[PDB]
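# Structural overview
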Amino acid sequence: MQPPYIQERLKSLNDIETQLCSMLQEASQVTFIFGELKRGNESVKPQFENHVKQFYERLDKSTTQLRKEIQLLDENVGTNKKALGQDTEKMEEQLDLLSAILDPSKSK
Amino acid sequence: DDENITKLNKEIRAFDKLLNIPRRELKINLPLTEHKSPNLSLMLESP
Amino acid sequence: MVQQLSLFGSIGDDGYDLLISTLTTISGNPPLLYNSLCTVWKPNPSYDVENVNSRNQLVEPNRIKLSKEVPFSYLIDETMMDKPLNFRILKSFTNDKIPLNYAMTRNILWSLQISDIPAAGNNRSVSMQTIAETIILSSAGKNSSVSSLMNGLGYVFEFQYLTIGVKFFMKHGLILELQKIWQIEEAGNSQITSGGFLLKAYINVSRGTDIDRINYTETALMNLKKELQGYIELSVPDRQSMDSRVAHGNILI
Amino acid sequence: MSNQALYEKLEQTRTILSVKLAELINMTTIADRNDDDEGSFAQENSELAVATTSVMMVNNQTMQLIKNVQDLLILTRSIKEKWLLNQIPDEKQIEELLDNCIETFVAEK
């Protein structure tokens, strides 16, 4: 499996696009609510401020976190290799098989 | 000196008893009197 | 005698570890530790060589290099047997002090080597140098010793130094070396390559007349240099720095 | 390189903000404004071309929002792909094992 650092990096990226999807959804609801606000019912007027504020705060911190990720790219620089040992490990397992062949009491 | 070359040398040398040429030797001593005991040494090889 | 085609550079020790990894990513080979000891000898000034044809300049006096390998048991102090003998030990070799001192080298006293200034002209992309080499296998007699031999020829000791580094073997006979150089005197040992590693990539050609081979060698060297663009800058050194004749004194280090 | 991506995301964000403010003002004063004072500047001269300019605004804001969001998503995936790809990283017992194996084969052959 990959080293953990890459794991939380990909988790943060996934959070980033989920936040973008949430921003698009909230844009959909604010566009929806503005229609009836133009229609002329004032009951949903208080919800408009909350929706706008949450939309803007969702737009800002997502870009901020993505900026942090791109910054991490800046200092992460400088921080078949398996083949060099690959034959060796193959060697090992083959002899292990011979051991299983060599002992008739373990072939069950 | 370097670890890698010694490691490979060790691993390759581990297989000498299999890769090396087979040999055999048979010594035959014949019981003779007069303290005159001839010896017959036969060594068999597959070069 | 070979035509050696070479390119040079240097790096700071901070990136050292990183550099090593990148090399293994390219060559596909692991580094191998090595060391050496070189002694430079010069013609005796007590003897007047009137044979230098002054009116024609048929030849000029030059300096001889004698090299030998020294076991690591002389370079590892009492604090270092625990670590295995691999490249990481170079990370501890940053001090101007070293276990091998003047007295041991004096007690020691091979490969004999002579060279010439690189080829002139500004249409050369790699440092091309001519080397004449021979090997000394053994000796005997009442004064069998390197010092006595070189005094018999007519040469005397000038200085010496110690190289420690790693080697990378790539395809087409290309050899890449990372070195650290320690000059040694009775006064003490001083690391000239202080806080860094000297990088040298080179190939050897056996016959200077063959030009297809030389063109291939230059192509390989320039391709290698163009691969390492942005990390390390490999450059042709100064033609006047690799001159080792006695009349004029300077030493690329 | 990465700095270019930084700059590109910068105009990406500012374009989102500007087009957001534009569509906000357009839809809020979509109700045309008639003011007798000369200071106000709102002109509706040709009747149906007003609706044409309105659907103009609609199509512009739709295309620009969708394109910017899609570009940002592609940029994020490219970053993740760069993350994944570019980040470069007893003997004696064997002796008696082979001895027993060879003697067993010799006996069984």
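Scroll up for the structure.
A brief report on the enclosed structure follows. (Residues numbered from 1 in each chain as written, not as in the entry; some residues may be left out. Chains lettered and ligands numbered in written order. Part of a larger assembly, values for the part shown. Heavy atoms only, no water.)

### A few points about the interface of chain D and chain A
With 24 residues of chain D at the interface, the matching set in chain A holds 29 residues. Summing both sides of the interface, chain D and chain A together bury roughly 2,400 Å²; the carbon and sulfur share of this comes to 82%. Connecting chain D to chain A are 0 residue pairs in polar contact. Contributing elements (two or more residues each) for the side of chain D that touches chain A: α1 (2-28), α2 (47-86) and α3 (92-108) of chain D. When residues of the side of chain D that touches chain A are assigned to their parent elements, the largest contribution, 10 residues, is made by α1 of chain D. Across the side of chain D that touches chain A, the residue classes tally to 16 nonpolar, 6 polar and 2 charged. (Contact = heavy atoms within 4.5 Å. Buried area = accessible area lost by both parts, 1.4 Å probe. Polar contact = N/O pair within 3.5 Å; in protein donor to acceptor, adjacent residues only side chain to side chain. Helix = DSSP H or I, 4+ residues; strand = E, 2+ residues; numbered from the N terminus. Nonpolar A, V, L, I, M, F, W, Y, C, P; charged D, E, K, R; others polar.)

### A closer look at unusual backbone geometry
Non-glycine residue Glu34 of chain B carries a positive phi angle of around 60°. Tracing the backbone shows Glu34 of chain B in the loop between β1 (23-29) and β2 (39-45). In the Ramachandran plot, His172 of chain C falls in the positive-phi region, its phi being about 60° despite a non-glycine side chain.

### What about the side chain of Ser27 of chain C?
Structurally, the position occupied by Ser27 of chain C is in helix α1 (residues 16-27). Side-chain polar atoms of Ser27 of chain C contact the backbone nitrogen of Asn29 of chain C, separated by 3.0 Å.

### Some thoughts on the pairing of strand β9 (residues 196-205) of chain C
Residues and elements named next belong to chain C. Of all 10 residues that make up β9, 9 are buried, and the element is covered over most of its length. Where strand β1 (residues 2-12) lies against β9, 10 bridges are found, and the strand directions are antiparallel. Bridge pairing in β9 links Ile11 to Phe197. As judged from the 5 bridges shared by strand β7 (residues 175-185) and β9, these two strands associate in the antiparallel manner. The partner of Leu176 across the bridge, within β9, is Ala201. (Buried < 20%, exposed > 50% of the residue type's maximum accessible area, 1.4 Å probe, protein only. Pairing = 2+ DSSP bridges.)

### Here's the deal with the packing of aromatic side chains
Two descriptors summarise a pair of aromatic rings, namely the distance from one centre to the other and the angle between the planes of the rings. What the rule picks out here adds up to 7 aromatic pairs over all chains. Here the aromatic rings of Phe55 of chain A and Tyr56 of chain A are separated by 5.7 Å at their centres, their planes lie at 90°, and the arrangement is edge-to-face. Since its relative accessible area comes to 31%, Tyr56 of chain A is described here as partly exposed. Ring geometry for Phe159 of chain C against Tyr161 of chain C: centres 6.4 Å apart, planes inclined by 25°, an arrangement best described as stacked. According to the relative accessible area criterion, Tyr161 of chain C is buried, its value standing at 16%. Above the plane of the ring of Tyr202 of chain C lies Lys200 of chain C, whose end atom (NZ or CZ) is 4.9 Å from the centre. In this structure, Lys20 of chain D packs its charged tip against the face of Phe55 of chain A, placed 4.9 Å from the ring centre. (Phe/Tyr/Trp six-rings, centres within 6.5 Å; stacked < 30°, edge-to-face > 60°. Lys NZ or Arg CZ within 6 Å of the ring centre and 35° of its normal.)

### A closer look at the pattern of salt bridges
All names here are of chain A. In the structure shown here, the tally under the stated rule is 14 salt bridges over all chains. Note that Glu69 is salt-bridged to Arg9, the shortest N-O span being 3.0 Å. Placement of the pair is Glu69 in helix α2 (residues 45-76) and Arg9 in helix α1 (residues 4-39), with a sequence separation of 60 residues. Judged by its relative accessible area of 1%, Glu69 is buried. Owing to a relative accessible area of 12%, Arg9 belongs among the buried residues under this scheme. What emerges from the salt-bridge pattern is a single network uniting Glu26, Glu57, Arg58 and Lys61. (Salt bridge = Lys/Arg side-chain N within 4 Å of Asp/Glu carboxyl O.)

### Description of empty space enclosed by the protein
Roughly 60 Å³ of volume is contained in the largest cavity. Around the largest cavity sit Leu20, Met23, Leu59, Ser62 and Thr63 of chain A together with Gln12, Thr13, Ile16, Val69 and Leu72 of chain D, which together line it. For the lining of the largest cavity, the elements supplying multiple residues, two or more each, are α1 and α2 of chain A together with α1 and α2 of chain D. The residue inventory of the lining of the largest cavity, partitioned by class, reads 6 nonpolar, 4 polar and no charged. Put simply, the second largest cavity is a space of about 40 Å³. As for the second largest cavity, its lining consists of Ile6, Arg9, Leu10 and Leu13 of chain A together with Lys80, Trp83 and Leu84 of chain D. Counting only elements with at least two residues in the lining of the second largest cavity, the list comes to α1 of chain A together with α2 of chain D. If one sorts the elements of the lining of the second largest cavity by residue count, α1 of chain A sits on top with 4 residues. Along the lines of polarity and charge, the residues of the lining of the second largest cavity split into 5 nonpolar, no polar and 2 charged. (1 Å grid on protein atoms, 1.4 Å probe; cavity = no way out; pocket = protein on both sides within 12 Å on 5 of 7 lines; lining within 4 Å. Points joined across faces, edges and corners; volume = space filled by probe spheres on them.)

Interpretation note: all reported values are geometric properties and have no functional meaning in isolation.
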